[PDB]
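Structure data follow from coords14.txt (compact mmCIF, N, CA and C atoms and all ligand atoms):
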```
# COMPACT_ATOMS: atom_id res chain seq x y z
N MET A 25 -27.55 24.48 4.88
CA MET A 25 -27.23 24.94 6.25
C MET A 25 -27.71 23.93 7.28
N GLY A 26 -26.83 23.56 8.20
CA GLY A 26 -27.19 22.62 9.23
C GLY A 26 -25.98 21.95 9.85
N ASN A 27 -26.22 21.09 10.83
CA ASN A 27 -25.15 20.38 11.51
C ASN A 27 -24.78 19.11 10.74
N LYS A 28 -25.77 18.51 10.09
CA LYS A 28 -25.57 17.28 9.32
C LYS A 28 -24.43 17.44 8.33
N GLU A 29 -24.50 18.50 7.53
CA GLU A 29 -23.54 18.72 6.46
C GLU A 29 -22.11 18.79 7.01
N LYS A 30 -21.95 19.47 8.14
CA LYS A 30 -20.64 19.62 8.75
C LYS A 30 -20.07 18.25 9.14
N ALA A 31 -20.91 17.43 9.76
CA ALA A 31 -20.51 16.11 10.19
C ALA A 31 -20.14 15.23 9.00
N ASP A 32 -20.91 15.34 7.92
CA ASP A 32 -20.67 14.56 6.71
C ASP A 32 -19.36 14.97 6.05
N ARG A 33 -19.15 16.27 5.89
CA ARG A 33 -17.94 16.75 5.24
C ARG A 33 -16.70 16.51 6.10
N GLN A 34 -16.84 16.61 7.42
CA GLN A 34 -15.74 16.27 8.32
C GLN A 34 -15.34 14.80 8.15
N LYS A 35 -16.34 13.94 7.97
CA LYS A 35 -16.09 12.54 7.66
C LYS A 35 -15.35 12.43 6.33
N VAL A 36 -15.74 13.28 5.39
CA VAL A 36 -15.08 13.37 4.09
C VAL A 36 -13.61 13.77 4.26
N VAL A 37 -13.37 14.80 5.06
CA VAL A 37 -12.02 15.28 5.33
C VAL A 37 -11.17 14.19 5.97
N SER A 38 -11.77 13.41 6.86
CA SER A 38 -11.06 12.33 7.54
C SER A 38 -10.51 11.32 6.52
N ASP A 39 -11.35 10.92 5.58
CA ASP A 39 -10.93 10.02 4.51
C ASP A 39 -9.99 10.72 3.55
N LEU A 40 -10.23 12.01 3.34
CA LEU A 40 -9.41 12.82 2.44
C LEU A 40 -7.96 12.83 2.92
N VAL A 41 -7.78 13.02 4.22
CA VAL A 41 -6.44 12.98 4.82
C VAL A 41 -5.82 11.59 4.63
N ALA A 42 -6.63 10.55 4.82
CA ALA A 42 -6.18 9.18 4.62
C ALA A 42 -5.75 8.94 3.18
N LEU A 43 -6.49 9.52 2.24
CA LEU A 43 -6.17 9.42 0.82
C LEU A 43 -4.80 10.00 0.55
N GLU A 44 -4.58 11.19 1.07
CA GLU A 44 -3.32 11.88 0.87
C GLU A 44 -2.19 11.13 1.57
N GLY A 45 -2.51 10.56 2.73
CA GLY A 45 -1.55 9.75 3.45
C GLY A 45 -1.11 8.55 2.65
N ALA A 46 -2.05 7.92 1.95
CA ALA A 46 -1.73 6.80 1.06
C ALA A 46 -0.81 7.27 -0.06
N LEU A 47 -1.09 8.46 -0.57
CA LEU A 47 -0.25 9.08 -1.59
C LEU A 47 1.17 9.29 -1.07
N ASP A 48 1.26 9.87 0.12
CA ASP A 48 2.55 10.13 0.75
C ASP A 48 3.29 8.83 1.06
N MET A 49 2.55 7.81 1.45
CA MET A 49 3.15 6.50 1.74
C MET A 49 3.67 5.86 0.46
N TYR A 50 2.90 6.00 -0.62
CA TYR A 50 3.33 5.50 -1.92
C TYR A 50 4.58 6.24 -2.37
N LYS A 51 4.63 7.54 -2.10
CA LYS A 51 5.79 8.36 -2.42
C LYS A 51 6.99 7.97 -1.57
N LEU A 52 6.73 7.54 -0.35
CA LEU A 52 7.79 7.10 0.54
C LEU A 52 8.49 5.87 -0.04
N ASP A 53 7.70 4.89 -0.45
CA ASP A 53 8.24 3.65 -0.99
C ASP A 53 8.75 3.80 -2.42
N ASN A 54 7.95 4.43 -3.28
CA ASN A 54 8.24 4.47 -4.71
C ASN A 54 8.87 5.79 -5.14
N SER A 55 9.03 6.69 -4.18
CA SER A 55 9.70 7.98 -4.41
C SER A 55 8.96 8.85 -5.43
N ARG A 56 7.64 8.68 -5.51
CA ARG A 56 6.82 9.49 -6.41
C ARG A 56 5.35 9.38 -6.03
N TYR A 57 4.56 10.35 -6.45
CA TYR A 57 3.13 10.35 -6.14
C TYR A 57 2.36 9.48 -7.13
N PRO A 58 1.36 8.75 -6.63
CA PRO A 58 0.59 7.79 -7.43
C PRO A 58 -0.40 8.45 -8.39
N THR A 59 -0.76 7.69 -9.42
CA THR A 59 -1.74 8.12 -10.41
C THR A 59 -3.16 7.84 -9.93
N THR A 60 -4.14 8.21 -10.75
CA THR A 60 -5.56 8.17 -10.37
C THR A 60 -5.98 6.83 -9.75
N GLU A 61 -5.57 5.72 -10.33
CA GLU A 61 -5.93 4.41 -9.80
C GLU A 61 -5.08 4.06 -8.59
N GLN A 62 -3.78 4.30 -8.72
CA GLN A 62 -2.81 3.90 -7.70
C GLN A 62 -3.04 4.64 -6.39
N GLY A 63 -3.46 5.89 -6.48
CA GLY A 63 -3.66 6.70 -5.29
C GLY A 63 -4.78 6.18 -4.41
N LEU A 64 -5.93 5.91 -5.01
CA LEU A 64 -7.08 5.41 -4.27
C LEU A 64 -6.84 3.98 -3.78
N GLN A 65 -6.19 3.18 -4.61
CA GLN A 65 -5.90 1.79 -4.27
C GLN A 65 -4.82 1.66 -3.20
N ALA A 66 -3.97 2.68 -3.07
CA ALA A 66 -2.85 2.64 -2.13
C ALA A 66 -3.32 2.47 -0.69
N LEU A 67 -4.56 2.87 -0.42
CA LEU A 67 -5.14 2.69 0.91
C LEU A 67 -5.63 1.25 1.11
N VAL A 68 -5.81 0.53 0.01
CA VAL A 68 -6.45 -0.78 0.05
C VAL A 68 -5.44 -1.90 -0.21
N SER A 69 -4.81 -1.86 -1.37
CA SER A 69 -3.92 -2.93 -1.80
C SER A 69 -2.86 -2.37 -2.73
N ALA A 70 -1.67 -2.96 -2.70
CA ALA A 70 -0.56 -2.50 -3.52
C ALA A 70 -0.94 -2.51 -4.99
N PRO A 71 -0.85 -1.34 -5.64
CA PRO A 71 -1.13 -1.19 -7.07
C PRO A 71 -0.34 -2.17 -7.93
N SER A 72 -1.00 -2.70 -8.94
CA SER A 72 -0.35 -3.61 -9.88
C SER A 72 0.42 -2.81 -10.92
N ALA A 73 0.08 -1.53 -11.03
CA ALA A 73 0.78 -0.63 -11.93
C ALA A 73 2.19 -0.36 -11.43
N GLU A 74 3.12 -0.25 -12.36
CA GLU A 74 4.52 -0.04 -12.02
C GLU A 74 4.79 1.42 -11.65
N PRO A 75 5.66 1.66 -10.65
CA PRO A 75 6.28 0.59 -9.85
C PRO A 75 5.33 0.01 -8.81
N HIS A 76 5.44 -1.30 -8.60
CA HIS A 76 4.59 -2.00 -7.65
C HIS A 76 4.95 -1.59 -6.22
N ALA A 77 3.97 -1.05 -5.51
CA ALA A 77 4.17 -0.59 -4.14
C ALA A 77 4.67 -1.71 -3.23
N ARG A 78 5.72 -1.42 -2.48
CA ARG A 78 6.28 -2.36 -1.53
C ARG A 78 6.07 -1.85 -0.11
N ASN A 79 6.24 -2.74 0.86
CA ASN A 79 6.14 -2.38 2.28
C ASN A 79 4.74 -1.90 2.62
N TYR A 80 3.76 -2.46 1.92
CA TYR A 80 2.37 -2.09 2.12
C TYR A 80 1.76 -2.96 3.21
N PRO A 81 0.86 -2.39 4.03
CA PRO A 81 0.17 -3.14 5.09
C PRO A 81 -0.81 -4.16 4.52
N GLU A 82 -0.85 -5.33 5.15
CA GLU A 82 -1.75 -6.39 4.73
C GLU A 82 -3.19 -5.97 4.92
N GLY A 83 -3.98 -6.05 3.85
CA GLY A 83 -5.36 -5.61 3.92
C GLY A 83 -5.48 -4.11 3.73
N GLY A 84 -4.34 -3.43 3.74
CA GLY A 84 -4.32 -2.00 3.55
C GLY A 84 -4.67 -1.25 4.81
N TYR A 85 -4.85 0.05 4.68
CA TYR A 85 -5.28 0.89 5.79
C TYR A 85 -6.79 0.81 5.90
N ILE A 86 -7.42 0.65 4.75
CA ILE A 86 -8.85 0.43 4.67
C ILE A 86 -9.12 -0.63 3.60
N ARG A 87 -9.87 -1.66 3.97
CA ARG A 87 -10.04 -2.85 3.13
C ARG A 87 -10.83 -2.57 1.86
N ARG A 88 -11.59 -1.49 1.85
CA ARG A 88 -12.38 -1.13 0.68
C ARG A 88 -12.12 0.32 0.32
N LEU A 89 -12.38 0.66 -0.94
CA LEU A 89 -12.19 2.02 -1.42
C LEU A 89 -13.05 2.98 -0.61
N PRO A 90 -12.43 3.99 0.01
CA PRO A 90 -13.15 4.99 0.79
C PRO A 90 -14.14 5.76 -0.07
N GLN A 91 -15.28 6.08 0.51
CA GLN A 91 -16.37 6.69 -0.24
C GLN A 91 -17.02 7.80 0.57
N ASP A 92 -17.45 8.85 -0.13
CA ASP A 92 -18.27 9.89 0.47
C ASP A 92 -19.48 9.22 1.11
N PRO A 93 -19.93 9.71 2.28
CA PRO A 93 -21.04 9.11 3.04
C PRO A 93 -22.32 8.93 2.21
N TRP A 94 -22.41 9.66 1.10
CA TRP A 94 -23.56 9.57 0.21
C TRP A 94 -23.45 8.37 -0.73
N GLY A 95 -22.25 7.79 -0.82
CA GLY A 95 -22.05 6.62 -1.65
C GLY A 95 -21.22 6.90 -2.89
N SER A 96 -20.38 7.92 -2.83
CA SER A 96 -19.54 8.30 -3.97
C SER A 96 -18.10 7.84 -3.74
N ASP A 97 -17.46 7.33 -4.78
CA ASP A 97 -16.07 6.87 -4.67
C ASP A 97 -15.11 8.01 -4.91
N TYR A 98 -14.29 8.32 -3.90
CA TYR A 98 -13.33 9.43 -3.98
C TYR A 98 -12.48 9.36 -5.25
N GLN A 99 -12.14 10.52 -5.78
CA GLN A 99 -11.41 10.59 -7.04
C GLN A 99 -10.09 11.33 -6.88
N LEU A 100 -9.09 10.86 -7.61
CA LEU A 100 -7.78 11.49 -7.65
C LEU A 100 -7.44 11.85 -9.09
N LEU A 101 -6.79 12.99 -9.28
CA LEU A 101 -6.37 13.37 -10.61
C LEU A 101 -4.88 13.73 -10.61
N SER A 102 -4.09 12.90 -11.28
CA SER A 102 -2.69 13.19 -11.53
C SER A 102 -2.50 13.54 -13.01
N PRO A 103 -1.81 14.65 -13.33
CA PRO A 103 -1.26 15.58 -12.35
C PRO A 103 -2.33 16.54 -11.83
N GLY A 104 -2.24 16.86 -10.55
CA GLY A 104 -3.26 17.66 -9.90
C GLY A 104 -3.44 19.04 -10.49
N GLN A 105 -4.62 19.59 -10.28
CA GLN A 105 -4.96 20.92 -10.78
C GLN A 105 -4.25 22.00 -9.97
N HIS A 106 -3.95 21.69 -8.72
CA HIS A 106 -3.33 22.65 -7.83
C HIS A 106 -1.89 22.25 -7.53
N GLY A 107 -1.61 20.96 -7.60
CA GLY A 107 -0.27 20.48 -7.33
C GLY A 107 0.10 19.26 -8.15
N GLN A 108 0.87 18.36 -7.56
CA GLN A 108 1.29 17.15 -8.24
C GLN A 108 0.13 16.17 -8.35
N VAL A 109 -0.61 16.05 -7.26
CA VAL A 109 -1.78 15.18 -7.19
C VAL A 109 -2.89 15.84 -6.40
N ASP A 110 -4.08 15.89 -6.98
CA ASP A 110 -5.22 16.51 -6.31
C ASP A 110 -6.31 15.50 -6.04
N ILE A 111 -6.74 15.45 -4.78
CA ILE A 111 -7.81 14.56 -4.35
C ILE A 111 -9.06 15.37 -4.08
N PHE A 112 -10.20 14.89 -4.57
CA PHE A 112 -11.45 15.61 -4.41
C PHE A 112 -12.61 14.65 -4.16
N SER A 113 -13.58 15.12 -3.39
CA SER A 113 -14.73 14.33 -3.01
C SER A 113 -15.94 14.75 -3.83
N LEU A 114 -16.81 13.80 -4.13
CA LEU A 114 -17.87 14.02 -5.10
C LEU A 114 -19.11 14.59 -4.44
N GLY A 115 -19.19 14.40 -3.13
CA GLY A 115 -20.30 14.94 -2.38
C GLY A 115 -21.60 14.19 -2.64
N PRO A 116 -22.74 14.82 -2.34
CA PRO A 116 -24.06 14.21 -2.51
C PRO A 116 -24.45 14.05 -3.97
N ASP A 117 -23.84 14.87 -4.81
CA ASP A 117 -24.19 14.93 -6.23
C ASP A 117 -23.35 13.99 -7.07
N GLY A 118 -22.26 13.49 -6.49
CA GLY A 118 -21.45 12.51 -7.18
C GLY A 118 -20.65 13.09 -8.34
N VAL A 119 -20.69 14.42 -8.51
CA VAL A 119 -20.04 15.04 -9.66
C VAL A 119 -18.62 15.49 -9.34
N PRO A 120 -17.63 14.92 -10.06
CA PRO A 120 -16.21 15.21 -9.87
C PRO A 120 -15.78 16.55 -10.46
N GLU A 121 -14.80 17.17 -9.81
CA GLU A 121 -14.20 18.42 -10.27
C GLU A 121 -15.23 19.54 -10.26
N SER A 122 -16.23 19.38 -9.43
CA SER A 122 -17.29 20.35 -9.29
C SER A 122 -16.99 21.34 -8.16
N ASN A 123 -17.86 22.32 -7.96
CA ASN A 123 -17.68 23.31 -6.90
C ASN A 123 -17.74 22.63 -5.53
N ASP A 124 -18.68 21.71 -5.39
CA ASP A 124 -18.90 20.99 -4.14
C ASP A 124 -17.71 20.11 -3.79
N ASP A 125 -16.92 19.76 -4.81
CA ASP A 125 -15.86 18.77 -4.67
C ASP A 125 -14.87 19.15 -3.57
N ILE A 126 -14.99 18.45 -2.45
CA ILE A 126 -14.16 18.69 -1.29
C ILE A 126 -12.76 18.13 -1.51
N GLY A 127 -11.82 19.02 -1.79
CA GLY A 127 -10.46 18.61 -2.02
C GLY A 127 -9.53 19.07 -0.92
N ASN A 128 -8.26 18.72 -1.02
CA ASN A 128 -7.28 19.13 -0.02
C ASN A 128 -7.06 20.64 -0.08
N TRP A 129 -7.30 21.23 -1.24
CA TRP A 129 -7.23 22.68 -1.38
C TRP A 129 -8.45 23.33 -0.74
N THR A 130 -9.57 22.61 -0.77
CA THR A 130 -10.81 23.10 -0.20
C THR A 130 -10.70 23.20 1.32
N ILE A 131 -10.20 22.14 1.93
CA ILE A 131 -10.07 22.10 3.38
C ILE A 131 -8.89 22.95 3.86
N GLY A 132 -7.80 22.94 3.10
CA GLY A 132 -6.65 23.75 3.46
C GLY A 132 -5.42 22.93 3.78
N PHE A 133 -5.30 21.76 3.16
CA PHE A 133 -4.13 20.91 3.34
C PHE A 133 -3.17 21.05 2.17
N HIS A 134 -3.63 21.68 1.09
CA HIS A 134 -2.83 21.79 -0.12
C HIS A 134 -1.92 23.01 -0.06
N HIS A 135 -0.85 22.88 0.71
CA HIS A 135 0.13 23.94 0.85
C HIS A 135 1.53 23.38 0.65
N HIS A 136 2.55 24.20 0.90
CA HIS A 136 3.95 23.80 0.72
C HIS A 136 4.22 23.39 -0.72
N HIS A 137 3.57 24.06 -1.66
CA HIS A 137 3.78 23.78 -3.07
C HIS A 137 3.60 25.06 -3.89
N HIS A 138 4.52 25.99 -3.70
CA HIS A 138 4.51 27.23 -4.44
C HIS A 138 5.91 27.56 -4.94
N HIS A 139 6.07 27.57 -6.25
CA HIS A 139 7.37 27.83 -6.87
C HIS A 139 7.76 29.29 -6.71
N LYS A 140 6.79 30.11 -6.38
CA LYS A 140 7.02 31.52 -6.10
C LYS A 140 7.16 31.73 -4.61
CA CA B 201 -19.26 17.26 -6.27
```
For the file at hand, write its structure as structure tokens.
Amino acid sequence: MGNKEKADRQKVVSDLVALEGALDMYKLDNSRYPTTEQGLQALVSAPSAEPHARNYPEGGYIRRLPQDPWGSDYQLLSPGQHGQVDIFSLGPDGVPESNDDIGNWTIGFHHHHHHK
């Protein structure tokens, strides 16, 4: 409980949105959502994995892999647990797919994907 945690996780959400944006941008060019490596790298540099991302910004949107303020490298899992691709943050504990793991479903961005 505190103000610190809110500020840290909001910073997490900011990068989280950027992560998903890289995914959407990769989908724009390659007409599909990126895999675990390609998704995180899409913010930095065009993935070497096929198909090779085109129309990518020089230096990327962020020159280095975005990380939780505690020093954790954001993780992507394709195919996602909730959708096609799920992005989650490791938090202070660095543990992926954990309760703490701040994902797009956690914040409330993981919508528009219900077959029912
Ligand atoms: Ca965690």
Margin query: Using only C-alpha atoms, can you tell me which of A:136, A:75, A:111, A:87 comes closest to residue 47 (chain A)?
Written below: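 Selected residue with least distance to residue 47 (chain A): A:111.
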Excluding region 119-133 of chain A and residues on its chain fewer than 4 positions from it, collect all residues at most 8 Å away from it, counting all atoms listed in the file, and give them as a JSON list (two decimals) with N, CA and C atoms, keeping the file's coordinate frame.
```
[["chain", "number", "residue", "atom", "x", "y", "z"],
["A", 33, "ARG", "N", -19.15, 16.27, 5.89],
["A", 33, "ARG", "CA", -17.94, 16.75, 5.24],
["A", 33, "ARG", "C", -16.70, 16.51, 6.10],
["A", 36, "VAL", "N", -15.74, 13.28, 5.39],
["A", 36, "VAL", "CA", -15.08, 13.37, 4.09],
["A", 36, "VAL", "C", -13.61, 13.77, 4.26],
["A", 37, "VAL", "N", -13.37, 14.80, 5.06],
["A", 37, "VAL", "CA", -12.02, 15.28, 5.33],
["A", 37, "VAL", "C", -11.17, 14.19, 5.97],
["A", 40, "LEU", "N", -10.23, 12.01, 3.34],
["A", 40, "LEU", "CA", -9.41, 12.82, 2.44],
["A", 40, "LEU", "C", -7.96, 12.83, 2.92],
["A", 41, "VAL", "N", -7.78, 13.02, 4.22],
["A", 41, "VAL", "CA", -6.44, 12.98, 4.82],
["A", 41, "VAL", "C", -5.82, 11.59, 4.63],
["A", 96, "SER", "N", -20.38, 7.92, -2.83],
["A", 96, "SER", "CA", -19.54, 8.30, -3.97],
["A", 96, "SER", "C", -18.10, 7.84, -3.74],
["A", 99, "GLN", "N", -12.14, 10.52, -5.78],
["A", 99, "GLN", "CA", -11.41, 10.59, -7.04],
["A", 99, "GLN", "C", -10.09, 11.33, -6.88],
["A", 106, "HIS", "N", -3.95, 21.69, -8.72],
["A", 106, "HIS", "CA", -3.33, 22.65, -7.83],
["A", 106, "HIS", "C", -1.89, 22.25, -7.53],
["A", 110, "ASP", "N", -4.08, 15.89, -6.98],
["A", 110, "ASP", "CA", -5.22, 16.51, -6.31],
["A", 110, "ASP", "C", -6.31, 15.50, -6.04],
["A", 111, "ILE", "N", -6.74, 15.45, -4.78],
["A", 111, "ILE", "CA", -7.81, 14.56, -4.35],
["A", 111, "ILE", "C", -9.06, 15.37, -4.08],
["A", 112, "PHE", "N", -10.20, 14.89, -4.57],
["A", 112, "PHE", "CA", -11.45, 15.61, -4.41],
["A", 112, "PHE", "C", -12.61, 14.65, -4.16],
["A", 113, "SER", "N", -13.58, 15.12, -3.39],
["A", 113, "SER", "CA", -14.73, 14.33, -3.01],
["A", 113, "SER", "C", -15.94, 14.75, -3.83],
["A", 114, "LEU", "N", -16.81, 13.80, -4.13],
["A", 114, "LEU", "CA", -17.87, 14.02, -5.10],
["A", 114, "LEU", "C", -19.11, 14.59, -4.44],
["A", 115, "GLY", "N", -19.19, 14.40, -3.13],
["A", 115, "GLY", "CA", -20.30, 14.94, -2.38],
["A", 115, "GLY", "C", -21.60, 14.19, -2.64]]
```
Have a look at A:66, A:104, A:59, A:30 and name the one nearest to residue 80 (chain A); count only N, CA and C atoms.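 When distances to residue 80 (chain A) are compared using only N, CA and C atoms, the smallest one comes from A:66.
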Atomic distance atom C of residue 65 (chain A) - CA of residue 49 (chain A), expressed in Å with one decimal =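 Separation between atom C of residue 65 (chain A) and CA of residue 49 (chain A): 10.6 Å.
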Taking all atoms of region 95-113 of chain A that the file lists, what box with edges along x, y and z, padded by 4 Å per side, do you get, with centre and edge lengths in Å to one decimal, as JSON?
```
{"center_x": -10.5, "center_y": 14.6, "center_z": -7.1, "size_x": 31.5, "size_y": 24.0, "size_z": 20.5}
```
Quiz item: Using only C-alpha atoms and all ligand atoms, which of the listed residues (A:32, A:118, A:83, A:89) sits closest to ligand CA 201 (chain B)?
Solution: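 Counting only C-alpha atoms and all ligand atoms, the residue closest to ligand CA 201 (chain B) is A:118.
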Missing atoms in region 127-140 of chain A should be modelled up to N, CA, C and O atoms and reported as a short mmCIF file (atom, residue, chain, number, x, y, z; two decimals), keeping the file's coordinate frame.
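Listing of selection-v3.cif after writing:
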```cif
data_model
loop_
_atom_site.label_atom_id
_atom_site.label_comp_id
_atom_site.auth_asym_id
_atom_site.auth_seq_id
_atom_site.Cartn_x
_atom_site.Cartn_y
_atom_site.Cartn_z
N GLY A 127 -11.82 19.02 -1.79
CA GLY A 127 -10.46 18.61 -2.02
C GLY A 127 -9.53 19.07 -0.92
O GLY A 127 -9.97 19.76 0.01
N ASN A 128 -8.26 18.72 -1.02
CA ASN A 128 -7.28 19.13 -0.02
C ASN A 128 -7.06 20.64 -0.08
O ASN A 128 -6.69 21.26 0.92
N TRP A 129 -7.30 21.23 -1.24
CA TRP A 129 -7.23 22.68 -1.38
C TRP A 129 -8.45 23.33 -0.74
O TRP A 129 -8.38 24.43 -0.20
N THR A 130 -9.57 22.61 -0.77
CA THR A 130 -10.81 23.10 -0.20
C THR A 130 -10.70 23.20 1.32
O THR A 130 -11.04 24.23 1.91
N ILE A 131 -10.20 22.14 1.93
CA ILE A 131 -10.07 22.10 3.38
C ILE A 131 -8.89 22.95 3.86
O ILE A 131 -8.97 23.63 4.89
N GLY A 132 -7.80 22.94 3.10
CA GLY A 132 -6.65 23.75 3.46
C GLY A 132 -5.42 22.93 3.78
O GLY A 132 -4.58 23.34 4.58
N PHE A 133 -5.30 21.76 3.16
CA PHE A 133 -4.13 20.91 3.34
C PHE A 133 -3.17 21.05 2.17
O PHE A 133 -2.02 20.61 2.24
N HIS A 134 -3.63 21.68 1.09
CA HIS A 134 -2.83 21.79 -0.12
C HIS A 134 -1.92 23.01 -0.06
O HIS A 134 -2.19 24.04 -0.68
N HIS A 135 -0.85 22.88 0.71
CA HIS A 135 0.13 23.94 0.85
C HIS A 135 1.53 23.38 0.65
O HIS A 135 1.68 22.22 0.27
N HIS A 136 2.55 24.20 0.90
CA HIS A 136 3.95 23.80 0.72
C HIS A 136 4.22 23.39 -0.72
O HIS A 136 5.02 22.48 -0.98
N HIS A 137 3.57 24.06 -1.66
CA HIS A 137 3.78 23.78 -3.07
C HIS A 137 3.60 25.06 -3.89
O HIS A 137 2.64 25.20 -4.65
N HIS A 138 4.52 25.99 -3.70
CA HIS A 138 4.51 27.23 -4.44
C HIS A 138 5.91 27.56 -4.94
O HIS A 138 6.83 27.78 -4.15
N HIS A 139 6.07 27.57 -6.25
CA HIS A 139 7.37 27.83 -6.87
C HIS A 139 7.76 29.29 -6.71
O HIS A 139 8.92 29.66 -6.90
N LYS A 140 6.79 30.11 -6.38
CA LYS A 140 7.02 31.52 -6.10
C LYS A 140 7.16 31.73 -4.61
O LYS A 140 6.13 31.67 -3.90
#
```
